[PDB]
Ligand SMILES: C[C@@H]1NC(=O)c2csc(n2)[C@H](CS)NC(=O)c2csc(n2)[C@H](C)NC(=O)c2csc1n2
């Protein structure tokens, strides 16, 4: 499903030369760095030769060694010269490698995007039909961006890394006859351990995902019908399943975190064991006497650099593989032969045609389906100078005759002749330009009408084309109405009426001045005043040239002299219209409250201290590392060098073991702490959402899926925002600080030199990342114009086809893409120069460090063991800082954002709810009054619904309120349970207001029933028992409830009876009975008042007979307010008190017939 070796089809010879020089530049750099490393080994060998104790007399002999110290200084100067030469080479090669590879891509992308646009806009409409409009643009944008990035930088970097690893292993050929054997034999152990630990971690991650899946599902189902939840107030009764699922998820996550931490610790342990074994073997080899320690050190460093190179090569090859599929796809759009070309050489065209089309054997339909036939063959012919009208259900499905006229589609065996000759011989562009169309929707360009008229056809003169706009509504519509100055109209402001749009479309058609005109729904569903005027323009266009018309209303049929229309493919004559029947017509977190949220500092605190000792591993490492060189620096060869080397190897191994156990304890504490925090946050936040009022969920910004994702993925962000980060802070700062202090104790000059130079490279890297990001964002912003052109063109693709003026679109797209293309070349050189500059700064820092170290050694003030000590300590500490900060769990980024979102939603103060302050009366005489209360949706106060309503209810009355809009009326019911809060009026229940009430107690005494009976993923009984939340639990009273609701037969029919469970809609219950079980749930609460809006969800109308039976039984049992926009429901209601918007009272049907039907 991908392609390779052929994605560079459009590459030019200069482009291939650019690539050839670039890749060569990469091998050069990749070879150069291990050359630096080998010269470091020769550097350590020179120091070893100088620091030979030899005879005890020699120490103070030769003028205290002053002469050969001068020789050493000369050698050091030569080595520094070679160092800076290599640095300049690294800078010279880097500029060319990054710039050329990117430059070539810049040109490659410039060619490929233009070719893609040309092909896609040259494609036939049927291809677009089986596709969409937005996803074409999205595919274009993301695929070209990926290809650009990949073939711009990633391939060059990959060749660089591959060459680095190679050159390291060319050194490794010899230096590794003994060393590579052992080092590259212990490396596969590291690889296998990493692989098995990654597999175990992935298995644990999948297990915890499947464990949390149940919690996610229950969250989704409770949030979907949360209105029912707040109607029953089951939040307290809720969350136990959520709590248990989170408990299981937390327990599995503890194991997951333990596994990840032990995997990482094993990684450290294998690294350190490899170090120890390699140095043990190297010390033995150098002690053999035929070898120098510098060669061991340089081969070991070179193979480490090769490992670094292999590790760095992975993202680049991944990006290349990702871009391969996008390249294959984008090329697959290319090279597809369309049905028509419009640019073919075979374009013979007759001159001054009369348009006497003849039609025969028209068998064609939508190409998307080959089962339904729309055109069944029409033996129709037309004549010049006579307007023809088509009448029927539509234009043969949907104006498909028009699609036939200009070759939008390709009829099968459909023979159509414009004047007696086949359309195949005629040029596509000529055929399109000699034919004019009228769109059913006059949608236009987001720009001034002048260029729209220019788009219509070649403007001979602006005044001439303006004269052509002499159709009815001329001048007042073109100038008096659009700001008088010709103005950009379109989606971006300057809206005009549909009459203006149709009129300008007619004007464009007249500018085309075709021999044959096409009219498709000129005033389809337009204003009655908008029509009856543009039809005059249509008529005055029709006397000029022959045309076909399809009319929205039969009036044009009267206007048309010839009426040849039908439906179903049965051709009818056009002699007269008499046969035609009488058709009717958010700030960041303080980071301290977040930490304080973890009130579990004991199981926390040790980890910090544990982390601290971990920070001591890195510099202490270098210490023993330096001492290894200290073995073979100035000292006595035979007394203890073997024993000293063995002792320091044992120190390496015990250091690795203590690091392993340290990181084990670190994991065992931070994982547990983070897991307990994850559980605590989820437990609190879920209660927070169930606590929030209905309005909070109504806001369209937050949706059920959005809140579920908030519960799902806004925890791992905290896992790393709270406990792992402080561990990173403490370990990193302890490492760097102890390295600096040991440097200061063991060094006085070069220590500060390194401490000063490393920050400038760090800030250079940071600023060049910042500049790359800024340039990328600037480019994405300034391609917005080209994106706008592409979107506007593709959205109006049918209009583009209907209008021959199409190459102009390619022209503006090319210009608005080449300006960013020029910006791309300008960015390429800058990117290359900065990357080369930072590499040169790194190499220069290295060279200066070595020069100063050697110079101060010539002063005889710090021994090589100390110079190498401080240098390796600081550099490896900085490397550890970098690796740990990247191995760190994404602190900030999307984590602190989700953290403050979690804090906001938890601390959200909603309208008072679940508040115990609400007064609760012992008994309710159902004294509900609804007089003088006005309110609407808080999210959209645009419509002040519920205006001037007066209503009052006593015990036993059946209030059959029936407003014209059921959904609008639903709000009146929604107010009784305070889903929304009234402000204009007050509602009094039992003679006292409802706002000063125990929300739950009010809800408790309210048997609401929703029109849509959504129930949970629980059993038939577990759902009916949900009504008695915070109440007496129903034990076998459910039998009485079902008997009262008369659904006993269906509960009895179920195999497990009450136990039968509605599991993920398995054994799905009948549509006409879910409302019944909801009614049973409502009557379980046994309230003094019930609310019903059942209406009729489905069309079964049989269980519907049973549902009003249950409703009348309930209403004779207890007082009820029933809402139903159904004639049968209101007629069945004995107490007909139908009132709409407060206009009438009591029985409307007796007062007036308006209520009836
Ligand atoms: C897994 C990841 N490492 C690599 O991807 C990697 C590729 S090559 C390489 N390491 C070389 C030879 S394997 N290593 C050293 O030169 C070295 C000297 S000290 C030191 N590492 C300290 C102990 N390491 C970390 O703190 C640490 C945290 S994460 C991490 N390393």
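Throughout, chain A uses Swiss-Prot numbering, with the displayed residues spanning 32-616, 689-1260 in order.
We read in the header that electron microscopy, 4.3 Å was used to get this structure.
Just so you know, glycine gets a Cβ as well, placed from its N, Cα and C.
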Range annotated as transmembrane segment in Swiss-Prot, from 44-66, 136-158: 44-66
Correct range for transmembrane segment (source Swiss-Prot, candidates 183-204, 249-270): 183-204
Helix, strand and coil counts within the topological domain 'Extracellular' (205-211) (DSSP): 4 helix, 0 strand, 3 coil
The transmembrane segment (183-204) and the transmembrane segment (212-232) contact flag, 3+ Cβ pairs under 8 angstroms: no
Secondary structure content of the topological domain 'Extracellular' (313-326), with strand meaning DSSP E or B: 9 helix, 0 strand, 5 coil
Distance in angstrom, CA of residue 616 to CA of residue 689, with 72 unmodelled residues intervening: 57
The transmembrane segment (44-66) versus listed stretches 212-232, 327-348, 753-773, 829-849, 851-870: most Cβ pairs under 8 Å: 327-348
Cβ-Cβ under 8 Å with the topological domain 'Extracellular' (205-211): same-chain residues at least 6 beyond its ends: 309, 312-313, 316, 326-327, 329-331, 333-334
Top partner of the transmembrane segment (291-312) among 212-232, 327-348, 753-773, 829-849, 851-870 - counted as Cβ pairs under 8 Å: 753-773
DSSP-derived helix, strand and coil totals, residue by residue, for the topological domain 'Cytoplasmic' (233-290): 50 helix, 0 strand, 8 coil
Remote residues contacting the topological domain 'Extracellular' (954-969) - C-beta distance under 8 A, at least 6 residues beyond either end: 75, 78, 82, 100, 103-104, 107, 110-111, 114, 729-730, 732-733, 736-737, 849-853, 856
